[PDB]
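Q: The file below is input_21.txt, compact mmCIF, C-alpha atoms and all ligand atoms:
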# COMPACT_ATOMS: atom_id res chain seq x y z
CA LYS A 2 -83.38 -51.54 -49.79
CA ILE A 3 -82.86 -47.83 -50.45
CA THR A 4 -80.06 -45.70 -48.97
CA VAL A 5 -80.24 -42.14 -47.64
CA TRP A 6 -77.24 -39.84 -47.24
CA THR A 7 -77.73 -37.26 -44.48
CA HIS A 8 -75.74 -34.53 -42.70
CA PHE A 9 -78.13 -34.60 -39.78
CA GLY A 10 -77.04 -35.42 -36.25
CA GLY A 11 -78.60 -35.51 -32.84
CA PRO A 12 -82.40 -35.20 -32.55
CA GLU A 13 -82.70 -34.45 -36.30
CA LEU A 14 -80.92 -37.67 -37.16
CA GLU A 15 -83.07 -39.57 -34.67
CA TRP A 16 -86.23 -38.29 -36.44
CA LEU A 17 -84.85 -39.43 -39.81
CA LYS A 18 -83.97 -42.90 -38.42
CA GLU A 19 -87.52 -43.22 -37.00
CA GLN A 20 -89.13 -42.25 -40.31
CA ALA A 21 -86.91 -44.84 -42.01
CA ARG A 22 -88.06 -47.54 -39.56
CA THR A 23 -91.72 -46.52 -40.02
CA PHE A 24 -91.36 -46.69 -43.86
CA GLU A 25 -90.07 -50.27 -43.62
CA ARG A 26 -93.36 -51.19 -41.85
CA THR A 27 -95.68 -49.14 -44.05
CA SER A 28 -93.74 -50.44 -47.11
CA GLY A 29 -91.54 -53.49 -46.52
CA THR A 30 -88.61 -51.57 -48.06
CA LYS A 31 -85.52 -51.36 -45.84
CA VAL A 32 -84.09 -47.83 -45.50
CA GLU A 33 -80.42 -47.39 -44.60
CA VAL A 34 -79.57 -43.96 -43.14
CA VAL A 35 -75.91 -43.14 -43.88
CA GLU A 36 -74.21 -40.16 -42.19
CA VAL A 37 -71.96 -37.99 -44.37
CA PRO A 38 -70.36 -34.69 -43.32
CA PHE A 39 -72.22 -31.78 -44.94
CA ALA A 40 -69.11 -30.40 -46.69
CA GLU A 41 -68.44 -33.76 -48.41
CA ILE A 42 -71.94 -34.66 -49.71
CA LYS A 43 -72.20 -32.59 -52.91
CA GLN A 44 -68.94 -33.93 -54.39
CA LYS A 45 -69.75 -37.50 -53.34
CA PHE A 46 -73.17 -37.32 -55.02
CA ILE A 47 -72.23 -35.49 -58.20
CA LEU A 48 -69.19 -37.72 -58.87
CA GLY A 49 -70.73 -40.96 -57.54
CA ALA A 50 -74.26 -40.72 -58.93
CA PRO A 51 -73.49 -41.49 -62.60
CA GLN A 52 -71.17 -44.35 -61.55
CA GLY A 53 -73.85 -46.19 -59.50
CA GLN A 54 -72.00 -45.21 -56.29
CA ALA A 55 -74.35 -42.62 -54.61
CA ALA A 56 -77.37 -43.01 -52.30
CA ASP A 57 -80.95 -43.23 -53.57
CA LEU A 58 -81.78 -39.93 -51.89
CA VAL A 59 -80.24 -37.06 -49.91
CA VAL A 60 -82.15 -35.80 -46.88
CA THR A 61 -81.44 -32.89 -47.15
CA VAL A 62 -79.43 -30.66 -49.48
CA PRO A 63 -79.29 -26.85 -49.37
CA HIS A 64 -80.79 -25.21 -52.43
CA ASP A 65 -77.58 -23.47 -53.54
CA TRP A 66 -76.42 -26.93 -54.72
CA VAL A 67 -79.38 -27.34 -57.17
CA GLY A 68 -78.01 -25.71 -60.36
CA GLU A 69 -74.64 -27.53 -60.21
CA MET A 70 -76.25 -30.88 -59.38
CA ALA A 71 -78.97 -30.49 -62.04
CA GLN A 72 -76.29 -29.71 -64.66
CA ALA A 73 -74.43 -32.88 -63.59
CA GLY A 74 -77.66 -34.70 -64.47
CA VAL A 75 -77.74 -36.28 -61.01
CA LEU A 76 -81.12 -35.03 -59.74
CA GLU A 77 -84.44 -36.74 -60.48
CA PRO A 78 -87.13 -34.23 -61.54
CA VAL A 79 -89.91 -34.69 -58.97
CA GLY A 80 -92.82 -32.60 -60.31
CA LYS A 81 -94.46 -35.58 -62.03
CA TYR A 82 -94.71 -37.45 -58.65
CA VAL A 83 -96.47 -34.67 -56.70
CA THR A 84 -99.91 -33.02 -56.63
CA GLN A 85 -100.89 -29.37 -57.07
CA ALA A 86 -102.34 -29.46 -53.58
CA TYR A 87 -98.89 -30.34 -52.21
CA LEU A 88 -97.26 -27.63 -54.38
CA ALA A 89 -99.89 -24.95 -53.54
CA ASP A 90 -99.17 -25.35 -49.84
CA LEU A 91 -95.43 -24.59 -50.32
CA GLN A 92 -94.00 -21.10 -49.81
CA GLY A 93 -93.11 -19.47 -53.15
CA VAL A 94 -89.42 -18.91 -52.30
CA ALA A 95 -89.00 -22.61 -51.40
CA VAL A 96 -90.51 -23.67 -54.72
CA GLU A 97 -88.19 -21.22 -56.53
CA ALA A 98 -85.14 -22.42 -54.54
CA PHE A 99 -85.59 -25.98 -55.88
CA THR A 100 -86.63 -24.99 -59.42
CA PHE A 101 -83.97 -25.16 -62.13
CA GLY A 102 -84.40 -25.26 -65.93
CA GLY A 103 -88.10 -24.57 -65.30
CA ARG A 104 -88.42 -27.83 -63.34
CA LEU A 105 -88.81 -28.77 -59.70
CA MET A 106 -85.61 -30.67 -58.80
CA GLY A 107 -86.36 -31.71 -55.20
CA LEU A 108 -88.99 -31.52 -52.47
CA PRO A 109 -88.57 -28.30 -50.45
CA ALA A 110 -88.80 -29.07 -46.74
CA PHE A 111 -87.20 -26.57 -44.36
CA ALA A 112 -86.10 -22.96 -44.31
CA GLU A 113 -83.20 -21.69 -42.25
CA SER A 114 -80.84 -18.80 -41.68
CA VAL A 115 -78.22 -17.75 -39.20
CA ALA A 116 -79.25 -15.48 -36.36
CA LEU A 117 -78.11 -14.18 -32.99
CA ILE A 118 -78.81 -17.09 -30.66
CA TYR A 119 -78.32 -16.03 -27.03
CA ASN A 120 -78.12 -18.15 -23.89
CA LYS A 121 -80.62 -16.66 -21.42
CA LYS A 122 -78.44 -17.59 -18.43
CA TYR A 123 -76.07 -14.82 -19.62
CA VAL A 124 -78.46 -12.66 -21.66
CA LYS A 125 -82.02 -12.11 -20.46
CA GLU A 126 -83.02 -9.78 -23.33
CA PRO A 127 -81.43 -9.36 -26.77
CA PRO A 128 -79.00 -6.43 -27.20
CA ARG A 129 -80.88 -3.58 -28.93
CA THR A 130 -77.93 -2.06 -30.80
CA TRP A 131 -74.39 -2.80 -31.91
CA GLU A 132 -72.99 -0.75 -29.02
CA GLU A 133 -75.04 -2.60 -26.41
CA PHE A 134 -74.03 -5.96 -27.96
CA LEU A 135 -70.38 -4.98 -28.10
CA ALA A 136 -70.32 -3.85 -24.46
CA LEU A 137 -72.07 -7.04 -23.31
CA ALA A 138 -69.94 -9.43 -25.40
CA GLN A 139 -66.68 -7.90 -24.13
CA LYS A 140 -67.99 -7.92 -20.53
CA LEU A 141 -68.97 -11.58 -20.61
CA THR A 142 -65.62 -12.59 -22.11
CA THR A 143 -63.16 -13.57 -19.34
CA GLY A 144 -60.83 -16.53 -18.53
CA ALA A 145 -63.02 -19.55 -19.45
CA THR A 146 -66.23 -17.77 -20.64
CA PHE A 147 -67.01 -16.14 -23.98
CA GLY A 148 -69.44 -13.33 -24.81
CA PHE A 149 -69.54 -13.99 -28.57
CA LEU A 150 -68.20 -16.67 -30.88
CA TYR A 151 -69.01 -17.87 -34.41
CA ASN A 152 -67.54 -19.62 -37.46
CA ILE A 153 -65.56 -16.52 -38.43
CA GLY A 154 -63.81 -17.96 -41.47
CA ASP A 155 -67.04 -19.16 -43.14
CA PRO A 156 -68.38 -17.06 -46.11
CA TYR A 157 -72.06 -18.11 -45.62
CA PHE A 158 -71.96 -17.11 -41.90
CA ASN A 159 -70.46 -13.72 -42.81
CA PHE A 160 -72.78 -12.85 -45.72
CA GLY A 161 -75.01 -10.77 -43.41
CA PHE A 162 -72.14 -8.37 -42.82
CA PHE A 163 -71.56 -8.22 -46.60
CA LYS A 164 -75.28 -7.38 -47.03
CA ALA A 165 -75.15 -4.69 -44.32
CA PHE A 166 -72.18 -3.02 -46.11
CA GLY A 167 -74.04 -3.01 -49.45
CA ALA A 168 -74.25 -6.40 -51.24
CA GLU A 169 -77.91 -7.21 -52.09
CA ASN A 170 -76.83 -10.75 -52.84
CA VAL A 171 -73.80 -12.50 -54.35
CA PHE A 172 -74.59 -11.46 -57.94
CA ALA A 173 -76.38 -8.49 -59.54
CA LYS A 174 -79.80 -9.19 -61.15
CA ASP A 175 -79.64 -8.63 -64.90
CA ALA A 176 -81.83 -7.00 -67.53
CA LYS A 177 -85.08 -8.24 -66.05
CA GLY A 178 -84.87 -10.60 -63.10
CA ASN A 179 -82.10 -13.17 -63.70
CA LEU A 180 -78.77 -13.19 -61.83
CA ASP A 181 -75.69 -12.26 -63.83
CA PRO A 182 -72.74 -14.34 -62.57
CA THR A 183 -70.38 -11.90 -64.33
CA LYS A 184 -71.34 -9.13 -61.84
CA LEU A 185 -70.30 -9.88 -58.24
CA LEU A 186 -71.66 -7.64 -55.48
CA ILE A 187 -69.36 -8.92 -52.70
CA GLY A 188 -66.12 -7.36 -54.00
CA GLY A 189 -64.97 -3.73 -54.25
CA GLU A 190 -65.84 -1.34 -51.43
CA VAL A 191 -68.53 -3.60 -49.95
CA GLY A 192 -66.03 -6.43 -49.66
CA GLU A 193 -63.26 -4.28 -48.20
CA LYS A 194 -65.58 -2.88 -45.50
CA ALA A 195 -67.03 -6.31 -44.66
CA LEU A 196 -63.57 -7.84 -44.33
CA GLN A 197 -62.31 -4.97 -42.11
CA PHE A 198 -65.29 -5.36 -39.75
CA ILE A 199 -64.64 -9.12 -39.65
CA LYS A 200 -60.95 -8.40 -38.89
CA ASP A 201 -62.04 -5.97 -36.18
CA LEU A 202 -64.08 -8.74 -34.53
CA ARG A 203 -60.68 -10.26 -33.71
CA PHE A 204 -58.07 -7.49 -33.62
CA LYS A 205 -60.04 -4.47 -32.36
CA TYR A 206 -63.03 -5.74 -30.46
CA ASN A 207 -61.20 -8.91 -29.30
CA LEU A 208 -64.29 -11.16 -29.50
CA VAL A 209 -63.30 -14.04 -31.78
CA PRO A 210 -59.73 -15.33 -31.35
CA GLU A 211 -57.64 -17.57 -33.58
CA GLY A 212 -58.79 -21.16 -34.06
CA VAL A 213 -62.53 -20.54 -33.76
CA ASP A 214 -64.39 -22.68 -36.29
CA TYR A 215 -67.91 -24.12 -36.34
CA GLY A 216 -67.18 -26.77 -33.70
CA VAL A 217 -65.39 -24.49 -31.25
CA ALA A 218 -68.27 -21.99 -31.16
CA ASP A 219 -71.00 -24.61 -31.27
CA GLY A 220 -69.27 -26.68 -28.56
CA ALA A 221 -68.97 -23.62 -26.34
CA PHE A 222 -72.71 -22.76 -26.61
CA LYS A 223 -73.82 -26.36 -25.91
CA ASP A 224 -71.46 -26.50 -22.90
CA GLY A 225 -72.96 -23.27 -21.55
CA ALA A 226 -69.67 -21.35 -21.66
CA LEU A 227 -70.91 -18.94 -24.42
CA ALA A 228 -73.29 -16.02 -24.12
CA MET A 229 -74.02 -15.41 -27.81
CA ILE A 230 -73.48 -17.30 -31.07
CA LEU A 231 -74.20 -16.53 -34.71
CA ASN A 232 -75.73 -19.83 -35.87
CA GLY A 233 -78.84 -21.34 -37.48
CA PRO A 234 -81.76 -23.60 -36.58
CA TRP A 235 -79.84 -26.77 -37.56
CA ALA A 236 -78.00 -26.36 -34.21
CA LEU A 237 -81.15 -26.11 -32.04
CA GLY A 238 -81.71 -29.86 -31.70
CA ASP A 239 -78.48 -30.18 -29.72
CA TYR A 240 -79.23 -26.96 -27.77
CA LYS A 241 -82.73 -28.25 -26.84
CA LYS A 242 -81.12 -31.59 -25.85
CA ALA A 243 -78.51 -29.87 -23.66
CA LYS A 244 -81.46 -27.93 -22.14
CA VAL A 245 -80.00 -24.47 -23.02
CA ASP A 246 -82.68 -21.76 -22.73
CA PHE A 247 -82.00 -19.73 -25.89
CA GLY A 248 -83.53 -16.76 -27.61
CA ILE A 249 -83.42 -15.92 -31.33
CA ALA A 250 -82.77 -12.35 -32.47
CA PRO A 251 -81.41 -10.55 -35.54
CA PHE A 252 -77.69 -9.88 -35.40
CA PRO A 253 -76.89 -6.19 -34.85
CA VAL A 254 -75.95 -4.11 -37.86
CA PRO A 255 -72.15 -3.67 -37.96
CA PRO A 256 -70.84 -0.14 -37.35
CA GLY A 257 -70.30 1.82 -40.61
CA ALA A 258 -72.75 -0.35 -42.63
CA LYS A 259 -75.30 1.65 -44.64
CA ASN A 260 -77.87 -1.19 -44.66
CA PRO A 261 -79.28 -3.49 -42.00
CA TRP A 262 -77.72 -6.87 -41.29
CA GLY A 263 -79.49 -9.60 -43.32
CA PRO A 264 -78.48 -13.27 -43.66
CA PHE A 265 -78.80 -15.80 -46.48
CA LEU A 266 -82.05 -17.74 -46.51
CA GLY A 267 -81.40 -21.38 -47.20
CA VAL A 268 -83.93 -23.99 -48.20
CA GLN A 269 -83.22 -27.60 -47.36
CA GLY A 270 -84.92 -30.17 -49.62
CA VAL A 271 -85.03 -33.84 -50.38
CA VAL A 272 -83.51 -34.88 -53.72
CA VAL A 273 -83.75 -38.21 -55.46
CA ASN A 274 -80.81 -39.71 -57.37
CA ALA A 275 -81.58 -39.76 -61.12
CA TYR A 276 -79.56 -43.02 -61.22
CA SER A 277 -81.48 -44.74 -58.44
CA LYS A 278 -82.21 -48.40 -59.22
CA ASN A 279 -85.30 -47.98 -56.94
CA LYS A 280 -86.82 -44.56 -57.77
CA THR A 281 -90.39 -45.60 -56.96
CA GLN A 282 -89.61 -46.45 -53.32
CA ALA A 283 -87.06 -43.62 -52.95
CA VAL A 284 -89.72 -41.14 -54.16
CA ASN A 285 -92.44 -42.62 -51.93
CA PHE A 286 -90.12 -42.45 -48.91
CA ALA A 287 -89.15 -38.84 -49.71
CA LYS A 288 -92.84 -37.91 -49.86
CA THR A 289 -93.43 -39.41 -46.36
CA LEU A 290 -90.79 -37.03 -44.92
CA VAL A 291 -92.42 -33.78 -46.11
CA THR A 292 -96.02 -34.18 -44.90
CA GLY A 293 -97.23 -31.36 -42.64
CA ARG A 294 -97.03 -33.62 -39.59
CA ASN A 295 -93.46 -34.73 -40.28
CA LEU A 296 -92.26 -31.18 -41.02
CA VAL A 297 -93.71 -30.09 -37.65
CA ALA A 298 -92.10 -33.08 -35.91
CA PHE A 299 -88.72 -32.22 -37.40
CA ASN A 300 -89.04 -28.60 -36.16
CA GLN A 301 -89.96 -29.80 -32.70
CA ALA A 302 -87.01 -32.22 -32.59
CA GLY A 303 -84.60 -29.58 -33.88
CA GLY A 304 -85.65 -26.18 -35.16
CA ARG A 305 -85.56 -25.68 -38.94
CA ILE A 306 -88.69 -23.94 -40.20
CA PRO A 307 -91.29 -25.78 -42.35
CA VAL A 308 -91.73 -24.44 -45.89
CA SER A 309 -95.37 -25.67 -45.73
CA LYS A 310 -97.63 -22.61 -45.33
CA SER A 311 -100.07 -24.88 -43.47
CA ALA A 312 -97.43 -26.32 -41.09
CA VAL A 313 -95.90 -22.85 -40.44
CA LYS A 314 -99.23 -21.28 -39.34
CA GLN A 315 -99.68 -24.28 -37.06
CA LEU A 316 -96.41 -23.36 -35.28
CA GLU A 317 -97.04 -19.59 -35.42
CA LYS A 318 -96.64 -19.34 -31.63
CA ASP A 319 -93.68 -21.73 -31.30
CA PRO A 320 -90.74 -19.66 -29.98
CA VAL A 321 -88.28 -20.88 -32.66
CA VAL A 322 -90.76 -20.23 -35.47
CA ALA A 323 -91.74 -16.77 -34.09
CA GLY A 324 -88.03 -15.94 -33.62
CA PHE A 325 -87.03 -16.84 -37.17
CA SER A 326 -90.13 -15.14 -38.65
CA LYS A 327 -88.58 -11.86 -37.53
CA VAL A 328 -85.21 -12.77 -39.09
CA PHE A 329 -86.19 -14.24 -42.48
CA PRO A 330 -87.61 -11.00 -43.90
CA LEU A 331 -84.22 -9.32 -43.37
CA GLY A 332 -82.46 -11.87 -45.60
CA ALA A 333 -81.98 -12.91 -49.22
CA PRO A 334 -82.15 -16.46 -50.62
CA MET A 335 -78.87 -17.97 -51.71
CA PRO A 336 -78.51 -18.19 -55.49
CA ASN A 337 -79.14 -21.68 -56.81
CA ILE A 338 -77.21 -21.18 -60.10
CA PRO A 339 -74.31 -23.47 -61.00
CA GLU A 340 -71.76 -20.67 -60.58
CA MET A 341 -72.50 -20.32 -56.84
CA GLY A 342 -70.31 -23.45 -56.33
CA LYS A 343 -67.32 -21.46 -57.68
CA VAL A 344 -67.80 -18.49 -55.27
CA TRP A 345 -67.63 -20.10 -51.81
CA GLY A 346 -63.99 -21.23 -51.98
CA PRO A 347 -62.28 -17.93 -52.94
CA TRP A 348 -64.84 -16.00 -50.82
CA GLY A 349 -63.95 -18.01 -47.73
CA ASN A 350 -60.26 -17.94 -48.65
CA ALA A 351 -60.46 -14.13 -48.68
CA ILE A 352 -61.98 -14.05 -45.16
CA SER A 353 -59.43 -16.46 -43.72
CA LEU A 354 -56.59 -14.35 -45.25
CA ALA A 355 -58.11 -11.14 -43.86
CA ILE A 356 -58.36 -12.51 -40.29
CA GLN A 357 -55.01 -14.34 -40.28
CA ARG A 358 -53.01 -11.14 -39.62
CA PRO A 359 -53.70 -7.47 -38.58
CA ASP A 360 -51.59 -6.21 -41.52
CA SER A 361 -53.62 -7.99 -44.22
CA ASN A 362 -54.22 -5.88 -47.33
CA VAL A 363 -58.03 -6.02 -47.43
CA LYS A 364 -58.02 -4.05 -50.72
CA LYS A 365 -55.82 -6.61 -52.54
CA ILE A 366 -57.41 -9.67 -50.88
CA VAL A 367 -60.78 -8.53 -52.25
CA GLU A 368 -59.22 -7.80 -55.68
CA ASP A 369 -57.68 -11.29 -55.83
CA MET A 370 -60.91 -12.92 -54.57
CA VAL A 371 -62.83 -11.20 -57.38
CA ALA A 372 -60.08 -12.21 -59.88
CA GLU A 373 -60.12 -15.88 -58.73
CA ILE A 374 -63.94 -16.05 -58.97
CA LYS A 375 -64.00 -14.45 -62.47
CA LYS A 376 -61.44 -17.02 -63.62
CA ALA A 377 -63.37 -19.96 -62.08
CA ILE A 378 -66.63 -18.90 -63.76
CA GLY A 379 -65.40 -18.07 -67.32
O1 LIG B 401 -69.55 -22.15 -46.11
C1 LIG B 401 -69.96 -22.26 -47.48
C2 LIG B 401 -71.22 -23.13 -47.56
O2 LIG B 401 -72.34 -22.31 -47.18
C3 LIG B 401 -73.61 -22.98 -47.21
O3 LIG B 401 -73.65 -24.09 -46.31
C4 LIG B 401 -74.31 -23.80 -45.07
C5 LIG B 401 -75.59 -24.61 -44.97
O4 LIG B 401 -76.50 -24.22 -45.98
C6 LIG B 401 -76.27 -24.50 -43.58
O5 LIG B 401 -77.35 -25.44 -43.52
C7 LIG B 401 -75.25 -24.82 -42.50
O6 LIG B 401 -74.89 -26.21 -42.61
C8 LIG B 401 -74.98 -26.96 -41.41
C9 LIG B 401 -75.99 -28.10 -41.62
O7 LIG B 401 -77.30 -27.58 -41.87
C10 LIG B 401 -75.97 -29.02 -40.42
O8 LIG B 401 -76.90 -30.11 -40.56
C11 LIG B 401 -74.55 -29.54 -40.19
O9 LIG B 401 -74.23 -30.44 -41.26
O10 LIG B 401 -73.60 -28.48 -40.14
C12 LIG B 401 -73.56 -27.50 -41.18
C13 LIG B 401 -72.58 -26.38 -40.80
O11 LIG B 401 -71.26 -26.89 -40.52
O12 LIG B 401 -74.10 -23.98 -42.64
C14 LIG B 401 -73.39 -24.12 -43.89
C15 LIG B 401 -72.17 -23.19 -43.88
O13 LIG B 401 -71.04 -23.80 -43.25
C16 LIG B 401 -73.92 -23.55 -48.58
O14 LIG B 401 -75.17 -24.26 -48.55
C17 LIG B 401 -72.80 -24.47 -49.03
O15 LIG B 401 -73.04 -24.90 -50.37
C18 LIG B 401 -71.48 -23.72 -48.95
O16 LIG B 401 -70.44 -24.64 -49.31
Represent the supplied structure as structure tokens.
A:
Amino acid sequence: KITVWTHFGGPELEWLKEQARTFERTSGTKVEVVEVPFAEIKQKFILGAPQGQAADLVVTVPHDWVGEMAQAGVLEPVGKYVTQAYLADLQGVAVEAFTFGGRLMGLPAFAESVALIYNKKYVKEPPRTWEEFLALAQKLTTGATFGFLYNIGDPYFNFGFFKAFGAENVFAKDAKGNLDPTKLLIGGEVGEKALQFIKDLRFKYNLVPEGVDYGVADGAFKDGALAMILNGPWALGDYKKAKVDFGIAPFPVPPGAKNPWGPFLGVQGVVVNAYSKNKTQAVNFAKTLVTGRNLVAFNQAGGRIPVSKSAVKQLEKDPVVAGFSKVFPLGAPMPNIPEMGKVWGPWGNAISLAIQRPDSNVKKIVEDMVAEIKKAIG
């Protein structure tokens, strides 16, 4: 028996359960699928793995976790178990996302980003500009209906606004090619302007009130009470299941931003526990999940985009794939370095402080954020 930790729900989870059943018949090895909230998995795995207390595999982890997990020694290197043919068919950025210390540390499976997802019952065609979006979102907001909602306190969801206002990524690239964790790009003027726009989404434009977290916004879109959400393809399974007719579009560039809006690109991949007492079967099962056919099936059940070149071309005309193909080129991959784990907390703390009150000193909040991150890295 091998165990799988997953953050999947809905149709995505049902796919994973089916593949687990199928592997028990084309294997004889029992697969237990264990649900774990996304925000709890990394700590559970890093701390539990070396104690014999973590699952045999995680389907899936985001690539920003790779450096920290690899340094904790908890990831099985997977390059020795895979062919060049398999590797050649993978998109370069997906390979790079799961490469650390010059080694492939998981099997890259799906690509994702946030985007403007609009319910076509309220919005027939995507707003062409910020001003058109703003006017629409305010119009469609009333007593029980919302024009626009999103996980406003979340640093990942807000990165696109940080990019618009001038952050290429989280960290500057140094000397020739490698990120320097000592040089943040999300503080200073960029950070102050991003945080003011995010404040304005509540206190000026009156779009996103107090209390709105992932579940509030996601719940609202599924229910059909919400015109527009900023969310990613992980949410599409439940939107397809609730029969919402959605479109995918880039988010408008915030007013005052010198650069276009562009989100983080995330790669989800399967990782094997370096302390698995059943690596052979764990590895074989992982490999079953990332065949072209299974990657396509997962997209159809939900919506995350295959990192298989082959599988992607196959879905070239799928609406979800075509939609995200116009969004991904605007974005930047998350860093996968260990230090990324230190940034999210103070970054998200800064945003929550900014949006808590109208009178929040954005200048000092950003200064303190930068100070807290420098301290956590050193
Ligand atoms: O907020 C900081 C956080 O940002 C990044 O996490 C994001 C994920 O990469 C992204 O996939 C998405 O996560 C959703 C799962 O895919 C979905 O299956 C389900 O579990 O809900 C998740 C959202 O609640 O969004 C998160 C951001 O919240 C980054 O990878 C993390 O390391 C970082 O901590």
Q: From the options A:165, A:155, A:12, A:57, which residue's atoms come nearest to residue 353 in chain A, counting only C-alpha atoms?
A: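 So, comparing all the options, the nearest one is A:155.
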Q: Set the cut-off to 7 Å, count all atoms listed in the file, and list whatever residues fall near ligand LIG 401 (chain B) as number ranges by chain.
A: A: 8-10, 38-40, 63-66, 155-158, 215, 235, 267, 342, 345
Q: Residues near residue 190 in chain A, anyone? I mean within 12 Å using only C-alpha atoms, not counting same-chain ones fewer than 2 positions away, as a ChimeraX atom specification.
A: /A:163,166-168,185-188,192-197,258,363-368,371
Q: Quick one: distance from CA of residue 13 in chain A to CA of residue 60 in chain A in Å, one decimal?
A: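 Value for the CA of residue 13 in chain A-CA of residue 60 in chain A distance: 10.7 Å.
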Q: Of the candidates A:357, A:337, A:269, A:20, which one gets nearest to residue 182 in chain A if we count all atoms listed in the file?
A: A:337
Q: List the neighbours of residue 302 in chain A out to 9 Å using all atoms listed in the file; skip same-chain residues closer than 6 positions along the sequence, and give me the result as a PyMOL selection string.
A: chain A and resi 12-13+15-16+237-238+241-242
Q: Keeping only C-alpha atoms, write those residues as a JSON list (two decimals), keeping the file's coordinate frame.
A:
[["chain", "number", "residue", "atom", "x", "y", "z"],
["A", 12, "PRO", "CA", -82.40, -35.20, -32.55],
["A", 13, "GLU", "CA", -82.70, -34.45, -36.30],
["A", 15, "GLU", "CA", -83.07, -39.57, -34.67],
["A", 16, "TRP", "CA", -86.23, -38.29, -36.44],
["A", 237, "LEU", "CA", -81.15, -26.11, -32.04],
["A", 238, "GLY", "CA", -81.71, -29.86, -31.70],
["A", 241, "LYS", "CA", -82.73, -28.25, -26.84],
["A", 242, "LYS", "CA", -81.12, -31.59, -25.85]]
Q: In Å, how far is it from CA of residue 113 in chain A to CA of residue 232 in chain A?
A: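 So the two atoms, CA of residue 113 in chain A and CA of residue 232 in chain A, lie 10.0 Å apart.
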Q: Which polymer residues have any atom within 10 Å of an atom of residue 211 in chain A, counting only C-alpha atoms, with same-chain residues fewer than 5 positions away left out, as a ChimeraX atom specification?
A: /A:153,203,356-358
Q: Neighbours of residue 313 in chain A within 9 Å (only C-alpha atoms; same-chain residues fewer than 4 positions away dropped), as a VMD selection string?
A: chain A and resid 293 297 306 to 309 317 322
Q: When distances are computed from all atoms listed in the file, which of A:114, A:100, A:44, A:84 shows the smallest separation from residue 250 in chain A?
A: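 With all atoms listed in the file as the atom set, the closest residue is A:114.
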Q: (-85.1, -11.6, -47.3) in this file's frame - what residues fall within 12 Å of it? Use all atoms listed in the file and give the answer as number ranges by chain.
A: A: 94, 112-114, 161, 164, 169-170, 261-267, 325-335
Q: Leaving out residue 282 in chain A and any residue of its chain fewer than 6 positions from it, which residues lie within 12 Å of it when counting all atoms listed in the file, given as a PyMOL selection string?
A: chain A and resi 2-5+21+24-25+27-32+57-58+82+273-274+288-289
Q: From the set A:270, A:212, A:256, A:251, which residue has the shortest atom-to-atom contact distance to residue 116 in chain A, counting only C-alpha atoms?
A: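 Counting only C-alpha atoms, the residue closest to residue 116 in chain A is A:251.
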Q: In Å, with one decimal, what is the gap from CA of residue 67 in chain A to CA of residue 98 in chain A?
A: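 Interatomic distance here is 8.0 Å.
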Q: Please list, as a list in words, the residues that have an atom at most 6 Å away from (-80.8, -43.6, -41.9) in the coordinates of this file, counting only C-alpha atoms.
A: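 Here the neighbourhood of the point contains residues 5, 18, 33, 34 and 35 of chain A.
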Q: Taking only C-alpha atoms into account, which of A:377, A:253, A:315, A:360 comes nearest residue 133 in chain A?
A: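 Among A:377, A:253, A:315, A:360, it is A:253 that comes nearest to residue 133 in chain A.
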Q: Given 6 Å of margin on each side, can you work out the centre and size in Å (one decimal) of an axis-aligned box holding every listed atom of range 146-155 of chain A, as JSON?
A:
{"center_x": -66.7, "center_y": -16.5, "center_z": -31.9, "size_x": 17.7, "size_y": 18.3, "size_z": 34.5}
Q: Between A:296, A:275, A:115, A:312, which is the closest to residue 50 in chain A once you count all atoms listed in the file?
A: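 The shortest atom-to-atom distance to residue 50 in chain A comes from A:275.
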